Amino acid sequence: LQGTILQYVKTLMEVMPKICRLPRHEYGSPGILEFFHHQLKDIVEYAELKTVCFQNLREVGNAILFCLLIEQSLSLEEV
Amino acid sequence: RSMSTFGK
Amino acid sequence: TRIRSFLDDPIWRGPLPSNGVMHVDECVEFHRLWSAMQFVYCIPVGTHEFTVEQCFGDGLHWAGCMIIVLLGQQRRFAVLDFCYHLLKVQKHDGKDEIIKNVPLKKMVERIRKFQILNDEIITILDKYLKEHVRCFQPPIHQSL
Amino acid sequence: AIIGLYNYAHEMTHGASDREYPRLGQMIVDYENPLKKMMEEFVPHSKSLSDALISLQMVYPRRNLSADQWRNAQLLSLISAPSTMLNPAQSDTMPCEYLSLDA
Amino acid sequence: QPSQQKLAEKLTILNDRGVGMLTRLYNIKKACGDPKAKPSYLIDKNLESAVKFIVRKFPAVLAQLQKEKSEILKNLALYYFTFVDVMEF
Amino acid sequence: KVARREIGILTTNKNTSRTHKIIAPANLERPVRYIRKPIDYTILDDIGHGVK
């Protein structure tokens, strides 16, 4: 969190569109999908989004799940 | 009911 | 509780909102970045490509949602999320096209799945995470 | 039947109809066709009643719009105009803003 | 004396009274619309001969009925004076 | 004891309790009898600036 993820968060945050409105219903879903595609193009195209960002997050998530699951096993063992 | 065995 | 203390860098929460209440259109909070990431992994892939769930499992979303919850951004994420908005509108107009090789119908079908997943995780985190409210001043007569 | 029965039993016990019966029995038959009776009864009320109802022109129509028109106005939205989230939501007809449309 | 007509008070008090009358009337209608909660006298076959006469004459004005006169005053008094209150309202 | 002291640091009270599905009030509501009383246009005279 304070290392690679933080680094990439600060990086992508600048790649992020400074502002991004939620278009009225009038524009229609097809147009809204097109609007988001354009506004978030640089995030969609970011090369290390999966190999690094998602990967690092998956590791943190698994760590959290392990703590939760291990405690549950411990509770069953204790009871 | 505090558990002193766990340092409580 | 101890993990939240790992998120002290100002980048997560961003600067103060202009309206003195909350950010709305600005993308300076983490949950917004997560919304963009969610937009990415909701995009349908080829029939013979592997998906984000087949590659990362639920662990990816447990992390993203945890950061959001710990930052206390889960409510604004629900309101301001891009995909949630697209789903909302599509259910209204019931339209189905292919925008940038993205079949709108399948796109919103996946968004719904991750929405159900996100809600479950966020609810669970909030449950385990189980005071002072910022008030505002009413208009003051320039006199006094 | 109820009113009649009670009164019969009253004059069968006290040798006289219930004090309220004559007038009560007369109301029952007069308002037998409620709206017809009241339509003529309200002739002298028509002036004040009309004025009151007509004032609803400034409320009912704008309170009785469609979903599309609600979406066009972005009704009840707090984020449609982010710069005004602090400002008090107000009109000069406050009680008319939430007055039951059904009423 | 338009400043002593007490319109605000009278409107408030009557409006409240009105809801009360509606509430009472509502229950009478439901009760009388259900041959299970309806007053026994309107159900008993041996009396319908008389009720028909009283209603056909209404408001203008009985062998068995004579004996149960005290029973009728007691059991219809509630509905009767509810109607009376509706009139006075 | 040493092992438990080490894991105790990572713990906190789980505020769980046990109650009944339905808890009736100490005093059930008293059945009020209906009594007819005439319309009274003076019951609001003591509220605000009344007019007798």
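Here are the numbers:
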quantity	calculated
Yes/no for residue A:6 being surrounded by fewer than 18 Cβ atoms within 10 Å (Cβ to Cβ) and either of a type in the set (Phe, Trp, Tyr) or touching a helix residue (DSSP H, G or I) at 6+ places or on another chain (Cβ under 7 Å) (or both)	no
Subset of segment D:48-103 that is β-branched (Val, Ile, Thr) and within 27 Å of the chain's Cα centre (by Cα) - its residue that is surrounded by the most Cβ atoms within 10 Å (Cβ to Cβ)	D:59
All positions within segment A:24-49 that are more than 13 Å from residue C:36 (Cα to Cα) and under 19 Å from the mean Cα position of the chain (by Cα)	A:47, A:48
Which numbered condition residue C:66 misses (of (1) hydrophobic (A, V, I, L, M, F, W, C); (2) at the interface with another protein chain (Cβ under 9 Å from one of its Cβ atoms); (3) touching a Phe, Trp or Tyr at 6+ places or on another chain (Cβ under 7 Å))	(3)
Residue satisfying condition, being assigned to a loop (DSSP other than H, G, I, E, B) and either within 26 Å of residue C:11 (Cα to Cα) or within 16 Å of the chain's Cα centre (by Cα) (or both), within set A:58, A:21	A:21
Residue in segment A:35-56 that is farthest from the other protein chains (Cβ to nearest Cβ), counting only those that are over 17 Å from residue A:18 (Cβ atoms) and of a type in the set (S, T, N, Q)	A:51
Segment C:69-100: number of residues that are more than 10 Å from every other protein chain (Cβ to nearest Cβ) and on the phi > 0 side of the Ramachandran plot	1
Of all residues in segment A:24-36 being part of a helix (DSSP H, G or I) and among the small types (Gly, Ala, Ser), the one that is surrounded by the most Cβ atoms within 10 Å (Cβ to Cβ)	A:29
Residue list for segment E:1-36, restricted to those being charged (D, E, K, R) and in a helix (DSSP H, G or I)	E:9, E:10, E:16, E:17, E:24, E:29, E:30
Residue among E:41, E:80, E:26 that is more than 9 Å from every other protein chain (Cβ to nearest Cβ), surrounded by 10 or more Cβ atoms within 10 Å (Cβ to Cβ), among the hydroxyl-bearing types (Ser, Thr, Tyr) and out of contact with any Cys (no Cβ under 6 Å at 6 or more places or on another chain)	E:26
Segment E:58-77, residues that are within 18 Å of the chain's Cα centre (by Cα), facing another protein chain (nearest Cβ under 8 Å) and exposed (fewer than 13 other Cβ atoms within 10 Å of the Cβ)	E:70
Check on residue D:9, in contact with a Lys or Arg (Cβ under 9 Å, 6 or more places away or on another chain), of a type in the set (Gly, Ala, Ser) and in a helix (DSSP H, G or I)	yes
Exclusive hit being away from chain D (no Cβ under 12 Å) and among the small types (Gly, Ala, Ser), set E:8, E:31	E:8
So residue C:28, is it under 30 Å from residue D:81 (Cα atoms), within 7 Å of another protein chain (Cβ to nearest Cβ), under 20 Å from the mean Cα position of the chain (by Cα) and in a loop (DSSP other than H, G, I, E, B)	no
Positions within segment D:12-47 being surrounded by 10 or more Cβ atoms within 10 Å (Cβ to Cβ), more than 7 Å from chain E (Cβ to nearest Cβ), farther than 24 Å from residue E:32 by Cα and over 22 Å from the mean Cα position of the chain (by Cα), in sequence order	D:14, D:16, D:19
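We place every Cβ from the backbone using ideal geometry, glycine too, and count neighbours over all the protein chains shown. Bear in mind that the values in this text are calculations on the coordinates, not laboratory data.
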